[PDB]
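Below: one structure, written as structure tokens.
Computation of the quantities below employed the complete heavy-atom set of this structure, encompassing side-chain atoms and omitting hydrogens, waters and symmetry-equivalent molecules. Chain letters run A, B, ... following the sequence lines, proteins first, then strands; residues in each count from 1.
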Amino acid sequence: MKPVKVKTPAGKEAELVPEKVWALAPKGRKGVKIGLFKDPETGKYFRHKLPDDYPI
DNA sequence: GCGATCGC
DNA sequence: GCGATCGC
């Protein structure tokens, strides 16, 4: 899986590979894609939106 | 609240 | 079982 440019909860921009990705959309609607990331410095897990074209 | 996911 | 993730 490709790295994603995200802002971490610590407030830093990092290109990180997500541990898990999935589509989050109500039925019949466009939604978003979410990834689960781990902050490389604090170990804290966080979710973040993925680009709309990111492979699920 | 909906939608899924999972760390806590 | 809740918070947190987006955009309605």
Looking at every non-hydrogen atom in both residues, tell me the closest pair between A/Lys38 and A/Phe46 and how far apart they are.
C-CE2, 4.0 Å
Would you be so kind as to tabulate the donor-acceptor pairs closer than 3.5 Å made by side chains of residues 14-27 of chain A, with sequence neighbours excluded?
unit_1  : atom_1 : unit_2  : atom_2 : d
A/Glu19 : OE1    : A/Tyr45 : OH     : 2.7

In residues 48-56 of chain A, which residues come under 4.0 Å of DNA chain C by heavy atom?
A/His48, A/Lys49
For A/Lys7 and A/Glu13, the nearest pair of non-hydrogen atoms, with its separation, is CG-OE2, 4.1 Å
B/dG3: by the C1'-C2'-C3'-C4' sign convention (positive north, negative south), the sugar is north
Can you tell whether B/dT5 is stacked with B/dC6, judging only by whether their six-membered base rings have centres under 5.5 Å apart and planes under 30 degrees?
yes
Would the bases of B/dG3 and B/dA4 meet the stacking rule of centres under 5.5 angstrom and planes under 30°?
no
Sequence neighbours excluded, every pair satisfying salt bridge (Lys or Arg N to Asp or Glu O under 4.0 Å) that has a member inside residues 40-56 of chain A
A/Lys12-A/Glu41
Minimum heavy-atom distance A/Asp39-A/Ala10, with the two atoms named:
OD2-CB, 3.8 Å
Would you give a per-nucleotide map of nucleotides 2-8 of chain B, 5' to 3', where B means the base has a protein non-hydrogen atom under 4.0 Å away, S means only the sugar-phosphate does, and - means neither?
BBBBBS-
A/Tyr54 (side chain) donor-acceptor with A/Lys2 (main chain) under 3.5 angstrom:
yes
Do the side chains of A/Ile56 and A/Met1 join up, straight or via other hydrophobic residues, at under 4.5 Å, putting them in one cluster?
yes
Kindly work out whether a path of hydrophobic side-chain contacts (I/L/V/M/F/W/Y, heavy atoms less than 4.5 Å apart) joins A/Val4 to A/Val32.
no
